[PDB]
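The structure appears below as structure tokens.
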Number of protein chains: 2
Amino acid sequence: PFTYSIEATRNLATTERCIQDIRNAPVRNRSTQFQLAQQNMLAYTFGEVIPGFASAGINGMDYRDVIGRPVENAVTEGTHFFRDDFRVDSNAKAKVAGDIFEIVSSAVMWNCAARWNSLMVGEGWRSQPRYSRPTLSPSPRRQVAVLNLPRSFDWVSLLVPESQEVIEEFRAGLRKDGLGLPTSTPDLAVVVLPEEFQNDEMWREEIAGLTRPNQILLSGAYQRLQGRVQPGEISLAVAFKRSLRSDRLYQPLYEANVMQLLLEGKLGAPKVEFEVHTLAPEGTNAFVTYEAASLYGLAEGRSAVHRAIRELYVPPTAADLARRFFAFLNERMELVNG
Amino acid sequence: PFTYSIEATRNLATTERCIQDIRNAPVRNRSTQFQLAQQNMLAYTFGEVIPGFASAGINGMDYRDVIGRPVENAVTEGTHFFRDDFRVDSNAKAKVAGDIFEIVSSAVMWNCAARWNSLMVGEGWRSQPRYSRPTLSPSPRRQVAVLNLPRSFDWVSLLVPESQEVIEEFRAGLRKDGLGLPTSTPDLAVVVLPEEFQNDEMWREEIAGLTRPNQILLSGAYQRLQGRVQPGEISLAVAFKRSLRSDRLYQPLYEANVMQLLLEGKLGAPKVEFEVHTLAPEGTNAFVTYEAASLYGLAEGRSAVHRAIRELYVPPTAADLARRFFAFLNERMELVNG
DNA sequence: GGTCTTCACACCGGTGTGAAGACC
DNA sequence: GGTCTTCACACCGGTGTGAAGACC
Ligand SMILES: [Ca+2]
Ligand SMILES: [Ca+2]
Ligand SMILES: [Ca+2]
Ligand SMILES: [Ca+2]
Ligand SMILES: [Ca+2]
Ligand SMILES: [Ca+2]
């Protein structure tokens, strides 16, 4: 659970434990002795708790302490099962912490979207955790889908085939010259729900925790909307980084460039929304570095100049993230004609 | 020295030792106990040896072993001076190793440029280490300067004021909209020697080692050419990365974009040369990812499409790096009219 | 053609130093 | 206005997992 019950750890199966011993099964070119089972850790720590939608103590806790509970729970479990032999490298802890941050934020926004869709269909406004009720006029067509994308996803297969054909033609034109257009997959995409999914009830129900079935459900939601999204129905793109550095912060920027290059240039979309979430921006000057214009059209001067990234946000709690997502949905879904 | 003499370490002063004890002088928000004196390490290990221009054993040694000798020499010194108390974090070792790689490669190419300039002035062809003599017709005006740039250098102050005025006007036009054009400083720049420096003899003499005076000489060479370089006289840009990762490799690309944006767009330069040097590209697919077109003009189609980065090079030895730089100079300086 | 096995994606936290800073 | 002090730049090496792979 969230507080490391000893009995719960004892009742776990060997393959469900937060730490896997691989001292007799080494990795090819690695010296790792104990590995952090990321999905098992998520199921153990957040199997029945979702931040922002559980108790207030968990809703109002410093969100840096929420992201970090699985790692210390795993360390405690490893100390219990192995003694004087247990050790985990800090780099593995950093990798797992970043992945946990991404997945937990995605789940929180998934529950926010579920509540929004339930309100839009006219089933009411859930009130067990108290949030401001949106003032937008309800309409079934103002429904949103939150997709957490895989690591090596191309993100253009979500588009309708007619909009995919021009992108593929441009890519093949570059390919014929021996060139390419590589990029890293953005973390999360918030889009408008397609017409044929406007009545399905699985976009309206909240999840109780981050169990493995729920992990699979939230990790496979992108396949359902594949090839069904209009270019102009991509409402938000979010990149998550647990901490910032003066050199790493340039990775999302390139992303936010290439995406725009394929949306405002080859499809005529109004403007792409792209923001970065972080928990520790200290030691850098990212609040100024992100006030940077998009590298697109600057060499021509044929259009208005705007920024590559929408904003840098540091959520103090998960309730604040929920409130921000609700306000963004309320302010942006007005542009959709019901 | 290169092989860690004990007597040499004993004869060193306290402030010249490779490791500084800061257990009584902590850093503000850091728990570091022993810090790696990077410049002291460079002076100790390479104070009288420059790879590619010393003995063949050092010239033909695996260049991964050459970059790494200072770190192990420092570890040995720390074990000698402190016992059972000495420990250095791996992250500090990585940072220092990257900086050492950059500085050593810069020094090697500085000596190569010195030999090239000596040949161009007509003083002969040095032969103590045997390299192929360039076949280009000698001419004083085909001389090159190798500048190692600082960490936070803007790199546009090297340009002539007339070419700087348009860049500043473009930057101010973006600034008036609240936008900006930030980028990271490229590591090394090889440019054409200015006219008024065509006879000075400090661009023709090689350095015996990486002593602190020579470190200062090679670190301050950019100030001499500040405000004196034509936009079309920038011949090569080199970024150094000791190892590659699938996410980090995007940092130079953005660089290679922005530079081109300011040279082929606002100054009419023919094409910008920009390459990346690395020692370990395994675990990635960078040889394909760098076969990527520059993000400039793609939205207009008003010019030819080419790649942002010239090539990815993995030097097995320092002699190979010297030979590659000599061949590049021989092939490119022909375009300069003597 | 199932299963076992390897490999690329992207993940980030501890750093040395030049330069802006701050109070005398 | 010298000196002492803090802060942003950029530096990279150890990783869990989904998916391509390879030999039966
Ligand atoms: Ca991701
Ligand atoms: Ca993702
Ligand atoms: Ca991320
Ligand atoms: Ca550098
Ligand atoms: Ca440099
Ligand atoms: Ca570098």
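So you know, we letter chains A, B, ... as the sequences are listed, proteins then strands, and number each from 1.
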For [X] and [N], what is the distance between atoms [atom1] and [atom2] respectively, to the nearest whole Å?
| X | N | atom1 | atom2 | answer |
| --- | --- | --- | --- | --- |
| B:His277 | D:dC11 | NE2 | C1' | 18 Å |
| A:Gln38 | D:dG14 | CD | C1' | 15 Å |
| B:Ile100 | C:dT17 | CD1 | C1' | 14 Å |
| B:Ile22 | C:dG14 | CD1 | P | 15 Å |
| A:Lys241 | C:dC11 | NZ | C1' | 9 Å |
| B:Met41 | C:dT17 | CE | P | 9 Å |
| B:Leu188 | D:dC11 | CG | P | 13 Å |
| B:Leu244 | D:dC12 | CG | P | 9 Å |

Please determine whether a side-chain nitrogen or oxygen atom of [X] lies at a distance below 4.0 Å from atom OP1 or OP2 of [N].
| X | N | value |
| --- | --- | --- |
| B:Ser243 | D:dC12 | no |
| B:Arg242 | D:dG13 | yes |
| B:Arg30 | C:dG14 | no |
| B:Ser90 | D:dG13 | no |
| A:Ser246 | D:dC9 | yes |
| B:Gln39 | C:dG18 | yes |
| B:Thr185 | D:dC9 | no |

Output yes when a side-chain donor or acceptor of [X] lies under 3.5 Å from a complementary backbone atom of [Y], and no otherwise.
| X | Y | answer |
| --- | --- | --- |
| B:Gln215 | B:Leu210 | yes |
| A:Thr45 | A:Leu42 | no |
| A:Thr185 | A:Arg151 | yes |

Counting side-chain heavy atoms from CB outward, which of [options] is closest to [X]?
| X | options | value |
| --- | --- | --- |
| B:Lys95 | D:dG16, C:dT15, C:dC11 | C:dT15 |
| A:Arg151 | C:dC9, C:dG13, C:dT17 | C:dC9 |
| B:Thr284 | C:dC9, D:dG13, C:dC11 | C:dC9 |
| A:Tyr222 | D:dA19, D:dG16, C:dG14 | D:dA19 |
| B:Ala94 | D:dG16, C:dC12, D:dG13 | D:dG13 |
| A:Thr32 | C:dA10, D:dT15, C:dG14 | D:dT15 |
| B:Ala92 | D:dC11, C:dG16, D:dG14 | C:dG16 |
| A:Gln35 | D:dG16, D:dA8, D:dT15 | D:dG16 |
| B:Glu102 | C:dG16, D:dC12, D:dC11 | D:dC11 |
| B:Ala97 | C:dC11, D:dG13, D:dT15 | D:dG13 |

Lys/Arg-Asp/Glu bridge criterion (N-O < 4.0 Å) met for [X], [Y]:
| X | Y | result |
| --- | --- | --- |
| A:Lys95 | A:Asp99 | yes |
| A:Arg87 | A:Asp85 | no |
| A:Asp247 | A:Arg245 | no |

(request) Say whether B:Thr9 and B:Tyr44, considering side chains only, have a donor N or O and an acceptor N or O under 3.5 Å apart. (result)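 Yes, B:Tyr44 and B:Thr9 have a side-chain donor paired with an acceptor closer than 3.5 Å.
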
Distance-only donor-acceptor test (3.5 Å): side chain [X], base [N]:
| X | N | answer |
| --- | --- | --- |
| A:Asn91 | C:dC11 | no |
| B:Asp99 | D:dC11 | no |
| B:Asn285 | C:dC9 | no |

(request) Can you tell me, in whole Å, how much space there is between the P of D:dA20 and that of D:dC24? (result)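 Those two atoms are separated by 23 Å.
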
(message) Judged by each residue's nearest nucleotide on DNA chain D, which is more toward the 5′ side, B:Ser152 or B:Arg28?
(response) B:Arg28

(request) Let me know, please, whether A:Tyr250 or B:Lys93 comes out on the 5' side of the other along DNA chain D by nearest nucleotide. (result)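 Its nearest nucleotide lies further toward 5', so the answer is A:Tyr250.
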
(message) Please name the nucleotide paired to D:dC4 by Watson-Crick or G-U wobble geometry with both distances under 3.5 Å, or report none.
(response)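 C:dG21 is the nucleotide pairing with D:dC4.
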
(request) Please give the nucleotide sitting opposite C:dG16 as a Watson-Crick or G-U wobble pair, both distances under 3.5 Å, or none. (result) D:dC9

(message) For a quick check of understanding: with a heavy-atom distance under 4.0 Å over all strands, which category does A:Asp187 fall into, base, sugar-phosphate or nothing?
(response)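 Counting heavy atoms under 4.0 Å across all strands, the contact made by A:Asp187 is with sugar-phosphate only.
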
(request) Name the nucleic acid region contacted by A:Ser184, choosing base, sugar-phosphate or nothing; use a 4.0 angstrom heavy-atom cut-off, strictly under. (result)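 The answer is sugar-phosphate, as A:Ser184 gets under 4.0 Å only of primed atoms, P, OP1 or OP2.
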
(request) Assign C:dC11 to north (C3'-endo side) or south (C2'-endo side) according to its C1'-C2'-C3'-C4' torsion. (result)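 Since its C1'-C2'-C3'-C4' torsion is positive, the sugar of C:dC11 is on the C3'-endo, or north, side.
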
(request) Could you walk me through whether A:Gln226 and A:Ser157 pass side chain to side chain donor-acceptor pair (under 3.5 Å), step by step? (result) CA-CA 6 Å; A:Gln226 201 158 178; A:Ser157 70; 2.8 Å; yes

(message) Quick check: on DNA chain C, is the nucleotide nearest B:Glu282 upstream (toward 5') of the one nearest B:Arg87, or the reverse? Name the residue that is more 5'.
(response) B:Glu282

